[PDB]
Amino acid sequence: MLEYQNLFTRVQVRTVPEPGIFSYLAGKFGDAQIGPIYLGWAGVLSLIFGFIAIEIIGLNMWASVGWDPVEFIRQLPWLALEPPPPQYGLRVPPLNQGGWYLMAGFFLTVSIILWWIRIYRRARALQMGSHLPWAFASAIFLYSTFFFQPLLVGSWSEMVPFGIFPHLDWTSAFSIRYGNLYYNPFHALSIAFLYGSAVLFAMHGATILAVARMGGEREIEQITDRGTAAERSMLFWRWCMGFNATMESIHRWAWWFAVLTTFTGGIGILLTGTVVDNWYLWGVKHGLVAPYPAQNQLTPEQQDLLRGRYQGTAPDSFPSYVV
Amino acid sequence: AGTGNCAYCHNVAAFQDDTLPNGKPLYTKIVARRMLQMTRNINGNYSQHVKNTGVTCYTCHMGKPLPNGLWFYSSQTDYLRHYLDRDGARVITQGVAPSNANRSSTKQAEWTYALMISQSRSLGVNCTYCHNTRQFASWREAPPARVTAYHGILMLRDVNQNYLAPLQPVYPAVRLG
Amino acid sequence: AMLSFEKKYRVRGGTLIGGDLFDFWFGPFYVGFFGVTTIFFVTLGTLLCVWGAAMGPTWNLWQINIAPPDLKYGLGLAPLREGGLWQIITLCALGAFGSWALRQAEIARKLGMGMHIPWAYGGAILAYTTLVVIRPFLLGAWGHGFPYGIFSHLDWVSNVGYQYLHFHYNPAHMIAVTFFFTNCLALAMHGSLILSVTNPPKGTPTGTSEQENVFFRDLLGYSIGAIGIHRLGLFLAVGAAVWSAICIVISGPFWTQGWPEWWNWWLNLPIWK
Amino acid sequence: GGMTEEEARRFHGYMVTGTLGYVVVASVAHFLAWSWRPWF
Amino acid sequence: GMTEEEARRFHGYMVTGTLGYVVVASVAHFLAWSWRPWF
Amino acid sequence: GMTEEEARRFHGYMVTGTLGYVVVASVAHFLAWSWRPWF
Amino acid sequence: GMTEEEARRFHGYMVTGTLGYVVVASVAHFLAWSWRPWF
Amino acid sequence: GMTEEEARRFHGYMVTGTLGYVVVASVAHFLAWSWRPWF
Amino acid sequence: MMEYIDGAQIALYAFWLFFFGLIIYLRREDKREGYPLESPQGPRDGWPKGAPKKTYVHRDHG
Amino acid sequence: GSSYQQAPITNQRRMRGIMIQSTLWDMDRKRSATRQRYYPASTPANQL
Amino acid sequence: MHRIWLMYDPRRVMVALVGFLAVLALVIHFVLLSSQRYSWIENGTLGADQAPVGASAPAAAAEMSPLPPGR
Amino acid sequence: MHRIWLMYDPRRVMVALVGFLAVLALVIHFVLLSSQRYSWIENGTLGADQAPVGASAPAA
Amino acid sequence: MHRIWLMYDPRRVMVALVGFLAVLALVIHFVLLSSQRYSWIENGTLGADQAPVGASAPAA
Amino acid sequence: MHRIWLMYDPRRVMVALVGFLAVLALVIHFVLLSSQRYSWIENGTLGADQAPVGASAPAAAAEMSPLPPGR
Amino acid sequence: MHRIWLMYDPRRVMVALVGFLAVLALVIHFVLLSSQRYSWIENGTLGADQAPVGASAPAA
Ligand SMILES: CCCCCCCCCCCCCC(=O)OC[C@H](COP(=O)(O)OCC(O)COP(=O)(O)OC[C@@H](COC(=O)CCCCCCCCCCCCC)OC(=O)CCCCCCCCCCCCC)OC(=O)CCCCCCCCCCCCC
Ligand code: BCL
Ligand code: BCL
Ligand SMILES: CC[C@H]1c2cc3[nH]c4c(c3C)C(=O)[C@H](C(=O)OC)c4c3nc(cc4[nH]c(cc(n2)[C@@H]1C)c(C(C)=O)c4C)[C@@H](C)[C@@H]3CCC(=O)OC/C=C(\C)CCC[C@H](C)CCC[C@H](C)CCCC(C)C
Ligand SMILES: CC[C@H]1c2cc3[nH]c4c(c3C)C(=O)[C@H](C(=O)OC)c4c3nc(cc4[nH]c(cc(n2)[C@@H]1C)c(C(C)=O)c4C)[C@@H](C)[C@@H]3CCC(=O)OC/C=C(\C)CCC[C@H](C)CCC[C@H](C)CCCC(C)C
Ligand SMILES: *[C@H]1O[C@H](CO)[C@@H](O[C@@H]2O[C@@H](C)[C@H](O)[C@@H](O)[C@H]2O)[C@H](O)[C@@H]1O[C@H]1O[C@H](C(=O)O)[C@@H](O[C@H]2O[C@H](CO)[C@@H](O)[C@H](O)[C@H]2NC(C)=O)[C@H](OC(C)=O)[C@H]1OC(C)=O
Ligand SMILES: *[C@H]1O[C@H](CO)[C@@H](O[C@@H]2O[C@@H](C)[C@H](O)[C@@H](O)[C@H]2O)[C@H](O)[C@@H]1O[C@H]1O[C@H](C(=O)O)[C@@H](O[C@H]2O[C@H](CO)[C@@H](O)[C@H](O)[C@H]2NC(C)=O)[C@H](OC(C)=O)[C@H]1OC(C)=O
Ligand SMILES: COC(C)(C)C/C=C/C(C)=C/C=C/C(C=O)=C/C=C/C(C)=C/C=C/C=C(C)/C=C/C=C(\C)CC/C=C(C)/C=C/C=C(\C)C(=O)O
Ligand SMILES: COC(C)(C)C/C=C/C(C)=C/C=C/C(C=O)=C/C=C/C(C)=C/C=C/C=C(C)/C=C/C=C(\C)CC/C=C(C)/C=C/C=C(\C)C(=O)O
Ligand SMILES: COC(C)(C)C/C=C/C(C)=C/C=C/C(C)=C/C=C/C(C)=C/C=C\C=C(C)\C=C\C=C(C)\C=C\C=C(C)\C=C\CC(C)(C)OC
Ligand SMILES: CCCCCCCCCCCCO[C@@H]1O[C@H](CO)[C@@H](O[C@H]2O[C@H](CO)[C@@H](O)[C@H](O)[C@H]2O)[C@H](O)[C@H]1O
Ligand SMILES: [Fe+3]
């Protein structure tokens with residue numbers, strides 16, 4: 001699309017030899033190799049473990065449509081590799097009843113951890129702060145609660161199924177089971193930071209593009225040697241809303257809002273079914289729930305008649321009614 | 001059976017007979033006799049569901065021998081068995097803290113959710129017809145239709161267990177699952 | 001009070017309306033004509049929210065609930081005690097949000113900046129206007145708007161979702177969620193990269209655009225560049241709100257069944273029907 | 001980068017015989033299909 | 001890229017390899033048809 | 001790249017390793033067949 | 001990179017380690033088969 | 001990096017630590033076996 | 001045996017105390033440029049007081 | 001249930017996903033896809 | 001007609017032609033494979049009279065009154 | 001016809017061929033395996049007269 | 001035919017081969033292990049006379 | 001045969017090999033641990049005649065139940 | 001054998017090894033603690049003759 005700076009409209013340029021003293025260097029910033037996409041030992045291992053995880057998921061999905069490759073594509077978003085049955089709790093389940101699930105979950109988790117090691121080592125080698133590995137750690141924290149919350153309630157059956165629509169079925173059913181997740185205050189906070197991340201990157205993206213013709217996009221120079229582009233960015237927000245960040249500190253606001261999305265998220269999941277089993281009733285207790293006029297009223301006879309039963313096991317027989 | 005089609009049920013020379021001249025039973029007449037008892041049982045005992053609208057043969061059959069929505073045994077976890085031999089769909093805890101009273105799985109909430117989509121489609125309504133979805137367990141916040149819906153479950157269990165399912169030996173095999 | 005470099009920038013000019021009359025500051029804030037109209041709408045709309053709380057059942061902040069009218073009033077103004085007050089507050093909110101964007105355009109003009117910030121904020125205004133004007137208009141009643149209350153609007157979101165049985169299956173909603181999630185990832189990466197070159201381990205020289213370029217290429221396998229990452233953030237953040245506005249405006253006015261059965265077209269493609 | 005008219009003449013001869021051979025195989029296939037299970 | 005001499009030599013292998021593959025597949029179809037005909 | 005006699009040397013190993021692999025797989029298949037035929 | 005003599009030295013260890021590992025696995029399969037045969 | 005004599009010096013500790021670890025593990029296993037044998 | 005106090009409420013105020021501490025920290029970082037403010041009747045620091053202006057050590061190349 | 005009896009294999013679903021009956025099979029009635037929903041009949045070779 | 005290869009680069013056209021034919025051929029086979037009459041993997045050994053035929057028009061008074069299947 | 005290899009890089013097209021043939025063969029084997037008649041892993045030991053056949057048109 | 005190793009770098013071909021053979025071997029074993037007839041971990045000690053076959057029992 | 005180490009950097013080969021062997025060994029142990037016949041942690045003390053055979057049925061257990069009692 | 005430490009920096013191998021062993025030990029302890037037979041925190045004082053055993057085969 002068209003753009004409000006000339007910079008790459010036309011007369012883009014080719015470094016025919018490498019940049020770093022299009023093309024790329026083959027050399028080192030200190031001891032860090034600069035040419036290929038970095039892996040190291042942890043990157044290589046992460047790809048092997050993660051490949052087998054994805055391969056187990058795909059093969060179980062494909063087996064579930066009876067190996068039919070037409071149905072494998074046609075039905076793909078409905079397919080899943082599913083957690084164990086509830087009766088097993090934390091015991092090892094049968095291979096076709098969640099044993100492959102826990103195996104793929106294990107290999108995926110190791111693959112994620114090894115990818116964090118990779119990023120951590122690469123940040124050190126490039127002589128950079130560890131901000132990015134700890135940002136990624138906050139995402140891993142939320143992910144890990146999909147293991148620890150099932151552990152704390154005592155059943156692998158509560159884990160998230162691997163599958164496009166099936167994991168969204170789980171997301172809805174989790175909120176249904178625990179009495180409406182909107183009344184989980186850490187879910188509410190996690191949304192506040194999720195929305196705030198879109199607010200900040202909209203504001204910051206627009207701000208830097210609004211001064212890009214004055215070099216505002218060269219943020220490292222503007223941080224170390226403040227130009228008029230940084231000054232105008234500070235003054236716009238000060239005049240708009242009464243206060244402002246700096247060119248450096250807006251990236252701290254950005255960092256924390258993103259990080260706090262998954263951090264508060266993880267706490268809300270860990271609290272669910274361990275401390276609070278019905279968040280709406282917790283909302284009533286602590287005064288979150290707005291009153292509405294009653295839509296129906298039960299007699300005492302209906303209060304006993306309309307009590308249900310908690311859901312049990314499926315029938316394992318096909319009864320004849322011959323009589 | 002279509003108007004004037006007494007031959008669908010009867011040996012039309014001998015309306016009192018429950019068999020053909022060959023001695024083979026007029027299965028359609030034997031079924032229809034049970035369908036009368038079933039219709040009286042619906043209109044009489046399940047007024048909390050059908051009220052003064054009631055049902056007649058036309059409600060299911062609509063001019064045809066086969067009603068819609070016929071179902072048969074398949075999987076154990078088939079949710080339609082809520083209308084036959086199963087009982088209990090509740091999964092929500094009636095208290096703040098976890099307890100031993102409710103140990104329902106998130107898979108059991110998925111099963112209730114599947115069942116409730118079927119009911120919504122069966123009536124062409126959405127969940128808010130019977131619930132305030134801020135708390136699915138609540139009856140006070142739900143419309144009164146939720147109470148009628150519950151009696152519909154109890155009615156179907158009686159209809160299926162006592163009338164439809166025991167007709168198994170009467171039907172020809174082409175009608176069976 | 002002023003930043004130690006600020007006074008130099010406080011010139012006249014750049015106003016869209018009103019000339020020099022409102023072209024002045026109040027503390028840190030620039031005023032301008034749309035500053036005046038902002039404070040008018042903010043004050044009126046806020047005081048009517050306080051009145052809505054006063055005539056409601058409680059002062060508890062979480063529980064206050066200023067509901068829209070019944071659907072039977074259609075596109076008319078209800079009695080104020082029956083949702084009409086929600087309608088007046090909605091007109092105040094539209095006036096405030098519009099004034100705020102136009103005031104930002106005056107500020108950007110006065111500093112010689114591009115208009116990017118007003119237009120980005122336009123994406124939020126679009127989503128709001130879709131929720132309370134456009135979708136309720138296409139449905140034929142203002143009562144389809146969401147109530148103004150911190151938790152009572154979450155009850156509205158819940159019930160609107162389940163009006164379509166399984167709102168996760170809404171295709172535009174899946175796109176909007178993907179933008180919101182990818183935006184949060186991109187914000188974490190960009191924030192971390194800038195901070196990690198400007199704040200290296202103790203006793204290490206300050207980093208460079210080359211180091212962040214190299215690290216970003218190791219993360220995504222390509223080099224976005226400094227202008228590109230800000231373009232991408234703006235695209236993701238604003239695109240999220242635009243796809244949000246789409247996903248709600250199609251729900252009801254255009255699609256009325258459950259969202260899962262929308263996917264029937266995919267199952268029926270002739271290559272595999 | 002180009003194509004001479006003389007080179008095009010040579011290429012076009014192959015292009016025609018390839019197309020014709022393909023059309024012939026497709027024609028035999030359809031008649032096998034038709035005699036197995038006619039669609040009209 | 002290739003000289004016409006390379007193209008001439010490559011074509012000889014490429015054609016022979018293609019026809020060898022088709023021959024092997026022909027026996028595979030002969031064996032499959034003998035075991036369970038599809039018409 | 002590599003020299004043509006160096007490619008000759010490499011090809012001998014590829015052919016040998018392939019033949020070794022095919023031999024092992026042939027014995028594996030025949031064991032499997034004797035254990036539980038699939039036709 | 002690596003020299004031919006260095007590659008030859010490495011290959012001796014690499015072959016010997018591979019074959020030693022396969023022997024240990026052969027014994028573990030002997031023990032497993034004796035405890036609970038799978039055919 | 002290390003010299004080859006430094007690598008030989010390090011290796012003697014590495015072998016010793018590995019042996020010490022295996023010894024402690026073997027005692028731990030024989031205790032576990034005596035408390036509750038798995039075969 | 002506390003009826004009203006529960007673990008989720010305890011956690012939430014733990015977060016609030018952290019969060020307001022974070023906002024104080026972020027506003028100190030926001031003030032490393034352009035502060036102290038200028039006004040009549042002299043300089044102004046706002047609240048919280050800003051952290052000092054920050055010098056950055058360049059890489060040598062000689 | 002006090003104990004579990006296995007269904008015949010032709011009554012066992014290949015797809016373990018819990019909502020699939022409502023979210024897919026309620027609208028999908030392709031014949032080949034319907035057949036794939038259950039495991040096929042399986043018998044010891046003795047009994048053929 | 002060979003002048004057409006002066007106007008369009010045969011490197012582009014041969015690739016485009018092969019891609020077009022490959023996709024078309026695949027589409028037609030999968031359409032047929034998903035039909036009932038030409039599901040040839042399952043039913044290819046049926047004779048032409050035995051093969052499925054899609055439903056006709058009612059081809060009658062379109063009003064008829066039924067009789068039960070024999071018990 | 002060998003001049004076709006002057007138009008197209010033989011290295012690029014030969015890789016494109018092998019990639020195409022591999023995927024095509026895999027699709028065909030899995031189409032067969034998931035059919036009733038050619039589910040040969042489960043039913044390969046059946047004789048040809050015993051193997052499944054899809055439904056005919058309904059008899060008169 | 002050793003001149004194909006002039007045409008393609010054996011470093012790339014031999015990696016692509018090993019990758020293809022590893023993935024293919026995993027797929028075939030997973031298919032067999034998911035079958036009834038070759039569920040060999042659970043049933044490998046059954047004789048061929050009583051291993052499962054994908055056919056219905058006789059007499060309807 | 002040793003010239004394969006001129007062709008590939010052994011520092012990279014050994015990492016990939018160890019990763020491959022680790023993943024393969026872990027897969028096989030978890031496969032066996034999930035089987036009936038070889039669930040050795042629960043049933044390893046059974047004699048070879050007493051160990052399961054058959055039990056290839058896909059649903060050996062009930063899919064749907066409450067969680068075990070939670071004290 | 002020692003020349004492996006010229007090929008791989010022992011600073012790194014030792015750290016990788018210690019982490020590998022820690023994760024492996026955690027996995028095995030967790031697998032046992034989750035088991036019925038070896039849930040030693042609850043059942044550790046049971047005698048070997050009293051500890052759970054997985055079901056013997058009816059082979060049905
Ligand atoms: C939930 C997750 C997401 C939630 C997301 C939440 C994000 C929150 C972002 C907003 C926070 C920053 C706001 C800010 O710094 O504004 C500048 C202003 C003044 O300081 P200054 O700018 O450095 O100096 C200028 C001033 O000294 C001289 O200026 P001048 O003479 O020209 O003008 C007059 C003065 C008069 O002061 C005021 O009028 C402001 C009084 C009200 C400030 C309330 C701030 C919000 C507190 C929120 C925390 C909590 C309060 C309970 O200065 C001004 O005119 C400045 C006008 C600034 C207007 C800012 C309005 C922001 C409203 C934010 C509403 C947020 C709603 C969520 O600062 C302050 O007054 C102090 C604020 C310090 C941060 C709050 C920390 C609270 C920690 C906990 C309690 C601490 C007790 C000691
Ligand atoms: C009916 C549905 C329920 C509901 C149920 C849930 C549930 C259940 C959860 C959330 C959660 C979240 N919900 Mg909610 N949610 C609802 C309504 C909403 C609404 C709304 C407008 O109505 C919004 C905006 C949100 C918003 C949010 C987010 C704030 C939060 C997720 C944070 C995040 O970044 O996650 C996205 C980020 C991640 C998942 C992190 C992933 C990181 C890992 C490391 C990535 C690994 C990738 C790997 C390498 C490769 C994978 C390969 C494949 C396996 C093949 N919800 C209603 C009430 N919501 C979560 C939460 O935190 O709750 C407190 C959560 O668990
Ligand atoms: C480079 C040499 C030529 C060649 C030269 C010959 C000669 C010469 C003869 C044949 C003959 C035959 N070839 Mg030729 N043939 C070639 C390529 C092929 C290809 C192919 C896929 O490219 C195929 C399917 C065939 C197939 C055939 C058969 C129809 C026939 C004998 C059986 C046979 O297959 O033996 C197995 C052979 C192959 C699979 C091909 C590869 C082996 C060599 C190149 C050919 C067999 C040589 C034969 C033993 C010579 C005997 C001569 C005596 C005087 C009798 N050839 C190559 C390109 N072929 C014979 C014939 O016409 O019989 C009626 C014959 O005399
Ligand atoms: C702060 C919270 C947000 C966040 C942050 C975040 N995520 C991150 C990071 C950060 C800061 C990273 O640095 C990290 C990253 O790498 O980013 C590019 C990551 C990441 N976030 C990811 C995803 C992700 N993040 C999400 C969300 C979020 N991330 C939050 C919104 C989501 C959502 C919303 O669901 C997802 C899906 C990944 C893209 C990435 C971590 C990648 C990773 O761990 O990969 C592990 C490896 C595999 C799964 C294996 C892949 C296998 C190949 C496909 C096989 C190819 C063959 C192979 C070569 C064979 C082997 C041969 C060997 C010899 C090599
Ligand atoms: C592009 C899409 C994203 C976006 C971007 C964005 N938002 C922006 C901007 C940008 C680029 C600004 O420049 C602008 C700004 O100045 O930020 C500091 C703004 C802004 N985004 C804001 C909020 C906000 N943005 C949100 C979302 C989004 N913002 C999107 C995700 C949300 C969500 C999802 O909930 C919120 C709450 C403000 C902080 C600010 C706009 C300030 C403004 O308009 O001020 C004038 C008006 C008032 C101060 C008060 C008006 C009071 C009313 C008259 C009465 C109340 C009516 C109201 C409807 C009641 C609702 C009650 C609730 C409980 C429902
Ligand atoms: C087949 O058996 C299963 C397992 O019992 C039945 O499912 C039960 O009921 C469901 C509500 C629930 O979902 C499920 O968890 C399970 O509890 C299924 O409905 C079929 O039921 C018939 O067979 C039952 C059986 O188990 O054999 C039988 O039960 C009664 O008889 C047996 C044998 O004497 C005895 O063990 C049971 O305790 C006994 N139970 C009761 C409640 O009487 C059913 O008979 C009756 C009257 O329930 C059968 O039901 C019918 C209508 O035939
Ligand atoms: C069908 O069969 C039932 C058999 O019960 C007949 O019912 C009889 O007549 C009813 C009026 C009465 O209520 C009932 O108790 C019973 O007495 C019914 O009428 C139909 O009858 C025809 O088929 C009969 C059948 O069973 O095959 C046949 O009955 C006669 O022949 C059988 C042997 O084939 C013998 O067992 C019966 O006892 C015998 N009955 C008599 C009364 O002769 C009927 O034939 C005759 C003559 O009645 C059939 O009726 C006709 C008109 O074809
Ligand atoms: C469920 O069932 C479904 C899936 C449905 C059914 C369908 C299945 C399908 C479609 C299958 C298709 C299979 C297939 C297709 O082609 C299979 C193809 C198989 C092939 C080709 C195997 C080839 C193996 C070759 C090997 C192992 C070679 C080893 C070489 C070695 C060891 C030597 C290395 C070099 C050395 C040592 C020294 C060099 C010298 C140097 C460097 C010097 O000197 O410098
Ligand atoms: C799903 O299945 C499930 C259920 C999980 C089951 C299956 C499990 C499986 C598959 C397990 C596999 C296990 C395994 C595979 O190999 C396990 C392999 C284990 C190994 C190799 C352990 C090795 C340990 C070695 C140690 C501890 C060494 C310590 C050394 C020390 C202390 C000395 C350091 C040097 C010093 C101090 C000198 C400095 C001098 C210097 C510098 C100088 O002098 O210069
Ligand atoms: C031939 O190759 C093929 C064609 C098969 C390759 C193709 C594959 C395809 C098409 C794959 C498709 C994959 C898709 C679509 C995947 C979708 C995945 C989604 C959407 C997943 C969403 C959420 C999943 C979550 C949150 C899972 C979390 C699991 C966790 C945290 C599990 C942890 C397990 C641990 C830590 C340990 C387990 C082991 C035990 C319990 C024993 O502890 C030691
Ligand atoms: C070597 C570790 C193997 C672990 C597996 C179990 C032990 C099996 C082998 C034990 C015997 C020693 O094994 C043998 O060691 C010698 C050196 O000592 C290696 O010898 C290798 O390096 C030496 C120089 O150091 C060269 O001269 C020789 O040509 C080369 O093969 C052999 O490659 C290996 O076969
Ligand atoms: Fe930036």
# chains A, B, ... in the order shown; residues from 1 in each chain; ligands from 1
>>> residues_around(residues="stretch 7-21 of chain B", least_positions_apart="5", cutoff="8 Å", atoms="only C-alpha atoms", output="MDAnalysis selection string")
(chainID B and resid 1 26:30 32) or (chainID K and resid 66:68)
>>> write_last_selection(atoms="N, CA and C atoms", output="PDB file, in the first residue's frame")
ATOM      1  N   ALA B   1     -51.738 -40.860   8.102  1.00  0.00           N
ATOM      2  CA  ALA B   1     -51.717 -41.706   6.916  1.00  0.00           C
ATOM      3  C   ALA B   1     -52.317 -41.056   5.674  1.00  0.00           C
ATOM      4  N   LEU B  26     -51.437 -56.833  12.053  1.00  0.00           N
ATOM      5  CA  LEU B  26     -51.507 -55.451  11.577  1.00  0.00           C
ATOM      6  C   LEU B  26     -50.695 -54.559  12.512  1.00  0.00           C
ATOM      7  N   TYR B  27     -49.373 -54.575  12.313  1.00  0.00           N
ATOM      8  CA  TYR B  27     -48.463 -53.932  13.262  1.00  0.00           C
ATOM      9  C   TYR B  27     -48.813 -52.459  13.438  1.00  0.00           C
ATOM     10  N   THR B  28     -49.221 -51.808  12.348  1.00  0.00           N
ATOM     11  CA  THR B  28     -49.611 -50.402  12.381  1.00  0.00           C
ATOM     12  C   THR B  28     -50.786 -50.143  13.321  1.00  0.00           C
ATOM     13  N   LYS B  29     -51.769 -51.045  13.356  1.00  0.00           N
ATOM     14  CA  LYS B  29     -52.873 -50.895  14.303  1.00  0.00           C
ATOM     15  C   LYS B  29     -52.423 -51.120  15.743  1.00  0.00           C
ATOM     16  N   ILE B  30     -51.543 -52.094  15.969  1.00  0.00           N
ATOM     17  CA  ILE B  30     -51.031 -52.349  17.314  1.00  0.00           C
ATOM     18  C   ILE B  30     -50.211 -51.166  17.821  1.00  0.00           C
ATOM     19  N   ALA B  32     -50.599 -47.968  16.725  1.00  0.00           N
ATOM     20  CA  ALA B  32     -51.528 -46.854  16.908  1.00  0.00           C
ATOM     21  C   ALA B  32     -52.325 -46.961  18.204  1.00  0.00           C
TER      22      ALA B  32
ATOM     23  N   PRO K  66     -49.922 -43.517   1.366  1.00  0.00           N
ATOM     24  CA  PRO K  66     -49.041 -44.679   1.550  1.00  0.00           C
ATOM     25  C   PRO K  66     -49.764 -45.935   2.034  1.00  0.00           C
ATOM     26  N   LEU K  67     -49.009 -47.045   2.042  1.00  0.00           N
ATOM     27  CA  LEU K  67     -49.373 -48.318   2.679  1.00  0.00           C
ATOM     28  C   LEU K  67     -48.151 -48.871   3.414  1.00  0.00           C
ATOM     29  N   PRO K  68     -48.329 -49.487   4.593  1.00  0.00           N
ATOM     30  CA  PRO K  68     -47.167 -49.839   5.420  1.00  0.00           C
ATOM     31  C   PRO K  68     -46.307 -50.912   4.775  1.00  0.00           C
TER      32      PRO K  68
END
>>> residues_near_ligand(ligand="ligand 11", cutoff="8 Å", atoms="only C-alpha atoms and all ligand atoms", output="list in words")
residues 8, 9, 10, 11, 12, 13, 14, 15, 16, 17, 18, 19, 20 and 21 of chain G; 1 of chain O
>>> closest_residue(among="F:30, F:5, F:37, F:24", to="chain L", atoms="only C-alpha atoms")
F:37
>>> calpha_fit_rmsd(fixed="chain L", moving="chain O")
1.3 Å
>>> residues_near_ligand(ligand="ligand 6", cutoff="12 Å", atoms="only C-alpha atoms and all ligand atoms", output="PyMOL selection string")
(chain A and resi 309-323) or (chain B and resi 73+76-89+157-158+160-162+165-166) or (chain J and resi 1-7) or (chain N and resi 62-66)
